[PDB]
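In the structure tokens that follow, a single protein chain appears in two forms: structure 1, then structure 2.
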Structure 1
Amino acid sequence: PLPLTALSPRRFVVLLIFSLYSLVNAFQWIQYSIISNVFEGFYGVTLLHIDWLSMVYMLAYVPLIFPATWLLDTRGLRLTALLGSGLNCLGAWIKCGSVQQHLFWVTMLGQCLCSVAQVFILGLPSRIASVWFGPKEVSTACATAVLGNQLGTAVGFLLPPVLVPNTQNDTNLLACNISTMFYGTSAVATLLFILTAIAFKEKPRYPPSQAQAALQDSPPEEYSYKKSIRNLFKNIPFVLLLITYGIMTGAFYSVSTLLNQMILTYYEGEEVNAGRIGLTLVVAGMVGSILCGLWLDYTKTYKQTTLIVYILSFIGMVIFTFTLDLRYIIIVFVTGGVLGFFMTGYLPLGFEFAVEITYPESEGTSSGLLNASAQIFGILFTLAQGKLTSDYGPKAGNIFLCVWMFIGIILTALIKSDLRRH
């Protein structure tokens, strides 16, 4: 109680503003893929181009996460938030000027800018929660921050199909709809960036928590990211957890990117239904994350719960694979909901397991490695599954995903640890 601790209303504002612009970023990640056929027709490109529009996020994250983490640690929260918001706004504005049949590269540049923004955006939740919220409010603030990005992904799934119908016959109408969507996104991003500039302060006048007061009082300490990574790789259980988490997240990313292709293969004129399926998957994933966190809290064992969740995710993936072609959209809805539930439920559990197993290694390095593995696996799975679907049909790529999930289960079982919640 020696230092003075107080809570300011501005924290909520900050938690809102980030949760908004981060949301927007997530939207921009999946806007193209969900209507990938429409953009393919408009730009006269192949589906691989639209897949790369989504994979640029993953590609940009891998080489910039560690530099971004260092910048956040050294310069503070405000600079990172401003960078993320401004980059997202600039990417949206560039996309606004990319609405033409011969200007795909402008949209690619805007998407790359949004990808660079994501690197700054993704790391802010926990740091903001610690800096601006008290001990009891930290968990809720972090949950809201992550839910912002998840809701952004869900909205990116749902909205573009409604906003941009597949009017390939009329180029003017398609261009007008794409321009409307881009201008709306740009306006929202600009407003959020202005709000971040005006109100997003570095930290409150007084620390919200005693732990935050101690952290701020402590002098800065330099950390060697390379040494931390080398020590982490020595931990074979952590390597196995990294591989499994990357496999699962990459499978989710590949399914999200190629969902439109799989749905359009068997159901025609169902882009809106595909977006609804994606939104159902994301919402079920949120619910599964909450329920799996509760299950882990009750049972208190990382290994058993993680393995069971992985097995359930594999079963759901197989069910979706072998039910997609039944030509019933409701079955696709249910299977996608179950699959997203289990897949997104796995992610927090695996992340916590990897963070705890790596102790006392810095959480930043482990988080960066986990996310980089997720991005790499997502890129590889997206490429392989897209090629398989184009050449042999969605079932081949889905079976490839199922095989990778089975390999992930095998790796998870091989993990040797008795770690328990403390």
Structure 2
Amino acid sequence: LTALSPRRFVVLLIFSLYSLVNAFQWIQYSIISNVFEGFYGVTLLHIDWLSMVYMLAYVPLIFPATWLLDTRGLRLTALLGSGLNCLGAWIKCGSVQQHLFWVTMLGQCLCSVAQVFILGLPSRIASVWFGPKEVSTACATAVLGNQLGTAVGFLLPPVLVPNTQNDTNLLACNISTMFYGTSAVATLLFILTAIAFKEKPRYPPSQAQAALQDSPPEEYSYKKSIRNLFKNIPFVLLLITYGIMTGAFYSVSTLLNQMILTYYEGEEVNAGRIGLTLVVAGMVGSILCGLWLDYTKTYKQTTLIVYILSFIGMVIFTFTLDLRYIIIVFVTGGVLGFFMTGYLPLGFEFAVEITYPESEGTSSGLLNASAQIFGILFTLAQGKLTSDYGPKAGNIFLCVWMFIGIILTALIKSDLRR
């Protein structure tokens, strides 16, 4: 007996809203990094770690959290993710004093742990609550909610918190409004989850879901699955290429304020708009994807073309940032974002034919973890190069790693159409 309950929209809306808030808090410091660097009296490296703790916490916690989801259930993961997102936000509101950077780092740490319960959720929520014809749309909608949070996180902080470095009293007042506004919204979404989020529908939405309930998986042996995946040569290549592409996006997002403010001083508002253009353009590219994969093309071909076009965009972005024209940075950011962040759902869909029998949870956990590892390596390396030699040295570093990703992409032997 398959039935569709009106609660699926409520569940999807609630998750996509507090998944939006989680991605908002990840980047809310980096887009105004020069504001927090002077307010907290720390170096730029301290602020970049407010964005890197999201990546660092994901790698060692993803698989224990995945085990929790498969054993306890969907509701507990939703409560923990939205609950920790709210709890971390309230800690940040208590750190609006100049000598309380470690308090906002502690609050950022709690938000980072919340993401482990959020980033892989869209696939589970879509399958559990939506029918066969709506699974892809529901999963894509929840995933895009995380990207929308990053786009909002680029735009709002430059508007909410102007760089009034000379008057620190108003600087603390503006930061309180952002932190209090975030925690108020995070608390509201936590309360809604505790009321409306449910373990499962009264009836299975899809025939596959009905069989899944009739076949309790019990254990899964992640260690067996993770070691069966590292013997798949195309998947190992896909793990590296996906991490490089997403890691470059993470590093560019973290250091976007540093590059723009190097040339265009006092351009925090436009820097926030540039990041919004990058993320929004790639959101459209994700929606347009699928139309890219025509009935003659394969996932491997589409991945190779997008990877090449993303690398070209990175080169064009690298050598146009020094031209002292903020307008072309908007155009180059949109072109770069259209391919760099529009690749994110493409890499996940390519890991379906490569990894057919093994559960999507392990492959998703590995692909996401690879992005976190590369994002840390890229942010640390590009940040070091930018702080010593300028934005061009850091941006050139990403292009070389993007070229390596092209070579590894072409070496994958896997042909299967849409």
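Residue numbering: sequential along structure 1, first residue numbered 1. Rigid core: the largest C-alpha set superposing within 1.5 Å between the two forms.
Single mover in 102, 327, 75, 300, with Cα shift of 2 Å or more between the two structures when the core is superposed: If I go through the list carefully, the shifting residue is 300.
Core-aligned CA shift between the two structures for residue 138 (Å): C-alpha shift for residue 138: 1.3 Å.
query: Keeping the rigid core fixed, what distance in angstrom separates the two C-alpha positions of residue 220 between the two structures?
result: Its C-alpha shift, to one decimal, is 2.6 Å.
task: Taking the rigid core as fixed, quantify in angstrom how much the C-alpha of residue 374 shifts between the two structures.
output: On core superposition, this C-alpha lies 0.5 Å from its counterpart.
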